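First, one chain by itself in structure tokens, the form deposited in one PDB entry.
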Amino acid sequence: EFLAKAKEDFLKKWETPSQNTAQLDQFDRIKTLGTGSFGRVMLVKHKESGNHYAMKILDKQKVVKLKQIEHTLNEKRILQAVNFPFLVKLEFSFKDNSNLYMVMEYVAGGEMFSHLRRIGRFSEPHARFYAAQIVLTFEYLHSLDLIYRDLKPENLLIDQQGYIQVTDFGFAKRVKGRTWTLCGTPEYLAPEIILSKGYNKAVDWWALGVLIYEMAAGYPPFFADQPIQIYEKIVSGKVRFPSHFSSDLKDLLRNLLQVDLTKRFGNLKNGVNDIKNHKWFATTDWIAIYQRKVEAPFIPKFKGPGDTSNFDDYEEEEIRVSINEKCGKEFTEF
């Protein structure tokens, strides 16, 4: 139902993105929630409303130096245009002489990553609860001709109701047809990305296979010390399963972690419904998940607004803003 109206709303925002909807001095910067190659994400408090937000800060010069301009513009153009129960909400965006800023709702429960490593592994119903939300999220994204391209626990945040909010649209792209960029995170890369094959949205379904495996096992299906060692294992595709995996889960994973593109679940004629109707998801009420009516297996501890106890600590750096505008032309549309 939602999808028809949702594509029309998406397309309107896609064609005319919002721009310049706040400025830096409207926020108190509190502390760093995560660091990345082009900047960092900080907890901030909006001075007027008192609300807390997560502000992603990107260094314009570094983005240009590493030739990531298009990905960065993709990221913001797409995130401001989407709307879904399991996607982080972008509230404001702006830029100054030095930086780009994307201010999202603060998701205080922390990364799925943190909880997964602490607990060790998730039981299959727990993993299935999260997996169902990703399945629905990809159904939404793919219907908008979006590919996501960086599914991993580090990019999945747990909210106050214990549901997932997907963050990090760094590699999100609107593409009808195939695309070729080598991007993602090594453990989650589909074989066709590694082989420089050209690829499509099926790489997101492969990544879901890796995610479900990692959630249920406590370690990813292909791991080593060096990415190249991981890549060798991925293209070979000889996955082995923990003995505690159910038969249904192994069957699903064999169909998602399918090296042959044209046999992989998610990418056949029946699309997402091959996954939704798979026996492992037999107990999943897709509508109740979508409506967020299912009680979550896990609810993070929260000590108030602005509580960061579910995040690692990072060393803080001053936000530097040059008195000269950098890379103005490159980021005109941001």
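Note that residue numbering follows the sequence shown and begins at 1. Here, rigid core means the biggest group of C-alpha atoms that superpose within 1.5 Å across both forms.
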Is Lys47 missing in a third or more of the other PDB entries that were compared?
-> no
Missing coords for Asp313 in a third or more of other PDB entries = yes
Check the entry's C-alpha temperature factors for 181-189 and 255-263, then say which stretch has the higher mean.
-> 255-263
Comparing mean C-alpha B factor in the record for 229-237 and 121-129, the higher one is 229-237
Candidate set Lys60, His52, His278, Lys56 [ranked by C-alpha B-factor, highest] = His52
Out of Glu70, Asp274, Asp285, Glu48, residue topping the C-alpha B-factor column of the entry | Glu48
Binned into thirds over the chain's modelled residues, the C-alpha B-factor of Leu195 lands in the highest
Sorting the chain's modelled residues by C-alpha B-factor, tell me whether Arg149 ends up in the lowest, middle or highest third.
-> lowest
In terms of the chain's CA B-factor thirds, is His244 lowest, middle or highest?
-> middle
Pull the Cα B-factor of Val166 out of the PDB entry and bin it into the chain's lowest, middle or highest third.
-> lowest
Sorting the chain's CA B-factors, does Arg77 end up in the lowest, middle or highest third?
-> lowest
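Just so it is clear, the following notes concern the form deposited in another entry, a form of the same protein that is not shown.
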Following superposition of the rigid core, which of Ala81, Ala202, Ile134, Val259 is the only residue with a C-alpha displacement of 2 Å or more between the shown form and the other one?
-> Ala81
Note yes or no: does the Cα of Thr284 move by 2 Å or more between the shown form and the other one after the core is superposed?
-> no
Under a superposition restricted to the rigid core, does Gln165 display a Cα displacement of 2 angstroms or more between the shown form and the other one?
-> no
Establish whether a shift of 2 Å or more occurs at the C-alpha of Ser143 between the shown form and the other one, with the two forms superposed on the rigid core.
-> no
